[PDB]
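In this chain, residues are counted from 1 in sequence order. Values reported hereafter were calculated over all heavy atoms of this structure, with side chains retained and with hydrogens, waters and symmetry mates removed.
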Amino acid sequence: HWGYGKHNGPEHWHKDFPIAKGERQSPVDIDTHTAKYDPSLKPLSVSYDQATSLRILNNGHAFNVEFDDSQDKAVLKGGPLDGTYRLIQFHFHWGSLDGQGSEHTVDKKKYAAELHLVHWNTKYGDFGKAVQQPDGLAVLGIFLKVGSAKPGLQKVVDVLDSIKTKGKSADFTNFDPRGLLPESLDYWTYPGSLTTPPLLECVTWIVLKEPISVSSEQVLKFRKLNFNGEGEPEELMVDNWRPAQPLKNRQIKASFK
Ligand SMILES: COc1cc2c(cc1OS(N)(=O)=O)CC[C@@H]1[C@@H]2CC[C@]2(C)[C@@H](O)CC[C@@H]12
Ligand SMILES: [Zn+2]
Ligand SMILES: [Zn+2]
C-alpha cells in the first residue's frame with residue numbers, strides 16, 4: 001500500500017497509478033507573477049453555517065474530519081465553479097519541521113502546513129461518481145503559518161491523542177469549519193488533481209492567498225500521530241506531502257490584481 005516512505009513514496013506512486021505523470025497533477029508552485037487576474041471569476045461563496053460534523057479519524061495518510069453531506073448544508077459555490085459543491089471532509093498535510101509541510105508553494109516558499117477542505121459537485125449526484133469526473137471536485141486549500149493560536153483549531157488538535165494510530169476514529173460533533181478560514185477570500189485557482197493516489201485529475205483548485213495562523217504548540221500536536229496501526233512499531237506521521245508537479249501549460253488565475 002502506498003505511503004510517504006522511501007520505498008512506497010511519491011517517486012513510486014506512478015507504478016500503481018500511471019496518471020502520476022499526467023498533464024494536470026497537483027500540487028504545484030504558484031508564481032505570483034505568472035498567475036494573472038481573471039474577471040470571468042465570480043465572488044467566492046462559502047456557506048458553512050449549516051455544517052454538521054460527524055467524526056474524525058486516522059486513515060494512515062493523515063487525519064480527516066467528515067461531515068454529513070446528505071443535503072446542501074455546508075456548500076461552496078461561486079468563483080470559477082459551476083453550481084454547488086458539498087463539503088464532505090477536510091484534512092491537513094505537514095512536515096517534520098516548521099520550515100516545510102505544505103504541498104503547494106508561493107513563489108517557491110513552503111508554509112508550516114496546509115489545509116484541504118474537500119467538496120464534490122452535486123450535479124454528479126454522488127461522491128463516487130464525482131471523483132471520476134474532470135470537474136467533480138473542488139478543494140479549498142489554505143496555508144498554515146506559525147504564529148498566534150487559531151481558536152477554531154483547538155477542538156481538532158485536542159482529540160488527536162485519542163486517534164494516534166491508523167484506524168482509530170471518534171465521534172466529532174458540532175465542529176464549525178468557519179473557524180478555520182482567514183479574513184480574506186482572495187485566491188488563486190487552476191485545474192489539477194488529488195495530491196494522493198489514485199491521483200485522479202478531477203480537481204478544481206482554489207488556494208487562498210492569506211494563510212491562517214496557528215501556534216507552534218498546535219502544529220506539534222499533528223506530529224504525535226502515527227502512520228502505523230495499533231501495536232505496530234511507531235512510524236511518526238510527518239512529511240505526508242507530495243512534491244510540486246510541473247504546470248505543463250495550465251493557467252493559474254487570480255481573483256485579485
Ligand atoms: C478528500 O480529498 C481526497 C480524497 C481522496 C484521496 C486524497 C484526497 O486528498 S487531496 N490532498 O485533497 O487531494 C485519495 C483516495 C480517494 C479519495 C477520493 C475518493 C476515492 C477515489 C474513493 O472513491 C476511493 C479512494 C478515494
Ligand atoms: Zn489508503
Ligand atoms: Zn490533501
*Please report the C-alpha distance between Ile142 and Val207 in whole Å, then the side-chain angles of each, then the deciding distance to 0.1 Å, and finally whether the side-chain contact (heavy atoms from CB on, under 4.5 Å) criterion is met.*
CA-CA 6 Å; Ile142 296 167; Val207 184; over 6 Å; no
*asked:* Quick check: closest heavy atoms across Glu23 and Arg250, and the distance to 0.1 Å?
replied: O-NH2, 3.6 Å
*Regarding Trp94 and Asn240, is there a side-chain donor-to-acceptor distance under 3.5 Å anywhere?*
no
*Can you name the closest pair of heavy atoms from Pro197 and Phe17 and give their distance?*
CB-CE1, 3.5 Å
*Nearest heavy-atom pair of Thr204 and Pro80: which atoms, and what distance?*
CG2-CG, 4.1 Å
_Sidechain N-carboxylate O distance under 4.0 Å for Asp68, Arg86_ = no
*So, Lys155 and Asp176, do they make that salt bridge, N to O below 4.0 Å?*
no
*Heavy atoms only: give me the nearest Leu225-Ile163 pair and the separation to one decimal.*
CD2-O, 3.7 Å
*Within the 6.0 Å centroid threshold, strictly below: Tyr37 and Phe256*: no
*Are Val238 and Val214 connected in the hydrophobic side-chain network, where two residues link if heavy atoms are under 4.5 Å apart?*
yes
*Between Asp29 and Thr105, do the side chains contain an N or O donor and an N or O acceptor separated by less than 3.5 Å?*
yes
*Sequence neighbours left out, what passes side chain to side chain donor-acceptor pair (under 3.5 Å) with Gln154? Give chain and number order.*
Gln218
*Test item: side-chain donor near acceptor, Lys145 and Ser213, under 3.5 Å*: no
*Parallel, tilted or perpendicular: which describes the rings of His104 and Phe143, with under 30° parallel and over 60° perpendicular?*
perpendicular
*Between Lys109 and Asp107, does a salt bridge (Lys or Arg N to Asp or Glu O under 4.0 Å) hold up when you go through it step by step?*
CA-CA 6 Å; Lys109 293 197 215 178; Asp107 293 320; over 6 Å; no
*Check: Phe63 ring centre within less than 6.0 Å of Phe172 ring centre*: no
*Search all heavy atoms of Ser184 against all heavy atoms of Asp186 and return the closest pair with its distance.*
OG-N, 3.0 Å
*Any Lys/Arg nitrogen of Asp161 or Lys224 sitting under 4.0 Å from an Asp/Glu carboxylate oxygen of the other?*
no
_With side-chain contact (heavy atoms from CB on, under 4.5 Å) as the test, pick out the partner of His91 among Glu66, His61, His116._
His116
*Following the transitive rule for hydrophobic clusters with a side-chain heavy-atom cut-off under 4.5 Å over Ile, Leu, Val, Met, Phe, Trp and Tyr, establish whether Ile30 and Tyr187 coincide in one cluster.*
no
_Output field: ring centroids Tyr4/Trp13 closer than 6.0 Å_ = yes
_ring pair (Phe, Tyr, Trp, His ring centres under 6.0 Å) against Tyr85, all qualifying residues, sequence neighbours excluded_ = none
*Would you name the heavy atoms of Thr52 and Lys73 that are closest together and state the gap between them?*
OG1-NZ, 2.5 Å
*Just checking, any donor-acceptor pair under 3.5 angstrom between side chains of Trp205 and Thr189?*
no
*Decide whether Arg55 and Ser169 meet the rule of one side-chain donor and one side-chain acceptor closer than 3.5 Å.*
yes
